[PDB]
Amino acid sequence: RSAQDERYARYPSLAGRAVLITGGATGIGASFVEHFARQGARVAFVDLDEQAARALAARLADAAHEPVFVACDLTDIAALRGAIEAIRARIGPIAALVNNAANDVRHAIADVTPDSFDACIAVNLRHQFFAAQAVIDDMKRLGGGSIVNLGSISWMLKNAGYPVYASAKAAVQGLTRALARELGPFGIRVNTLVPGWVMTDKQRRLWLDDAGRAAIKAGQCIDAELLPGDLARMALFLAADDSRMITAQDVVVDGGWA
């Protein structure tokens, strides 16, 4: 598996490091969970998909630390805070946070309601703020930390089909930069990690067809598949000591598309 490929880096500073990943049960989040666990980190993740989450954690029980799973709905901030506190009691103070969960469900401009606007913000942006809010004091006490906010090239390409989603993901830029200014005095880096079109299992099974492949080939500079591992490795570097002075950045891993 890509997270155990011997050609790729090993990051000694991740061993035993407490790492929290949201939306970790499937897709890129699952790749984050697997990569960090195989680096020796003490992983925990939250998600609504319990069956996928339990199977992921069981796959990774031979890691140095079996990943901790707590189920919660990230649109419920009280539940999110309760889950993080429960996680802290099991893995100790949080040293790295990957704000990954999202929902890119399509919506036409004419159909958006105030409630559906709010739901999109809640699932794509709001939880990134409150997850970070809940971990700052741990990272301050540790003498530093790393927060990785998942962005998107969707709004950079000016994709139609989901204008509130594009707004929510562009908003991550402002979130990252505002947190980076305030938290940098404490050794806390905050960065936006921006994926291109990643071939998650869901994207392969539901959305990749001939026109998709042709769009990828014309857009990307490199005619190859962007994989979850390409994003996971970048997150490892951003959470490791190796990137101590990288903060407030939009770190794009997309084959040269956007």
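In this text, residue numbers run from 1 along the sequence as written.
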**Request:** May I ask you to compare 90-98 and 158-166 by their mean CA B factor in the entry and name the higher one?
**Result:** 90-98
**Message:** Using only C-alpha atoms and the B-factors in the entry, which stretch averages higher, 111-119 or 74-82?
**Reply:** 74-82
**Residue with maximal Cα B-factor (values as given in the PDB entry) among 190, 231, 214, 221** = 214
**Message:** Maximum C-alpha temperature factor per the entry, among 226, 28, 64, 194, belongs to which one?
**Reply:** 64
**For residue 142, the third of its chain into which the C-alpha B factor falls** = highest
**Prompt:** Thinking about Cα B factors across the chain, which third does residue 252 belong to?
**Reply:** lowest
**Request:** Using the B-factor values recorded in the entry, state whether the Cα atom of residue 14 falls in the lowest, middle or highest third among the modelled residues of its chain.
**Result:** highest
**CA B-factor ranking of residue 199, expressed as a third of its chain** = middle
**Third assignment of residue 129 from its chain's C-alpha B-factors** = lowest
